[PDB]
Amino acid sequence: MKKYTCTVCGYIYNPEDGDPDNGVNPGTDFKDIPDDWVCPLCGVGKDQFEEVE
């Protein structure tokens, strides 16, 4: 599964790690993250993220 980066602040979503404190378990692909989740560091939505190719 691919990493995604927050293009506003640089946070990297790593699917192996998830974002458990916000209910995103390890192993969650970015597309499957609920669409109301926000960047943990900066608070922006998923639409400011981009895949890391």
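Counting begins at 1, following the sequence as shown.
For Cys6, the recorded CA B-factor ranks within the lowest third of the chain. Only modelled residues enter the ranking. Annotation for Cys42: C-alpha temperature factor in the highest third relative to the rest of the modelled chain, per the entry. Annotation for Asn25: C-alpha temperature factor in the lowest third relative to the rest of the modelled chain, per the entry. When all modelled residues of the chain are sorted by CA temperature factor, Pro34 is found within the lowest third.
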